[PDB]
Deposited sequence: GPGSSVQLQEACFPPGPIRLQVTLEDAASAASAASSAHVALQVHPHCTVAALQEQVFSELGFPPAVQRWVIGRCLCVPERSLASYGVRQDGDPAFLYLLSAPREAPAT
């Protein structure tokens, strides 16, 4: 079922005021999360670079592949400077 993912937004300019928690299915793909953040938080997927642990994520794989297990698992969304 759904899990609380701890996204920390990271930018070219950044030091932690802005954190975000997103309910995501570990069996859902990183692409699906990208579309989720696009509709929800307004970030186009072309600028999105997801980091989970020691991996720059590929949108074809599942969050479980990196992997999202428990709730509160931390992820980082690096946004590109368009």
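Student: If I number the deposited sequence starting at 1, which residue ranges have no C-alpha coordinates at all?
Tutor: Unobserved in coordinates, per deposited numbering: 1-15, 31-34, 102-108.
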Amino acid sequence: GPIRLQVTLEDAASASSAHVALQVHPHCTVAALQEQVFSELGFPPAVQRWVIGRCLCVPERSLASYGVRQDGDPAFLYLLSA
From here on, numbers count along this sequence of modelled residues.
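Student: Hey, which bit's got the bigger mean C-alpha B factor in the entry, 43-51 or 23-31?
Tutor: Result: 23-31.
Student: Compared with the other modelled residues in the chain, in which third is the CA B-factor of residue 63?
Tutor: Residue 63: CA B-factor falls in the middle third of its chain.
Student: Rank-wise, by C-alpha B-factor, drop residue 77 into the lowest, middle or highest third of its chain.
Tutor: Bottom third by C-alpha B-factor.
Student: Please say which third, lowest, middle or highest, residue 7 falls into when its CA temperature factor is compared across its chain.
Tutor: Answer is lowest: the recorded C-alpha B-factor places it there.
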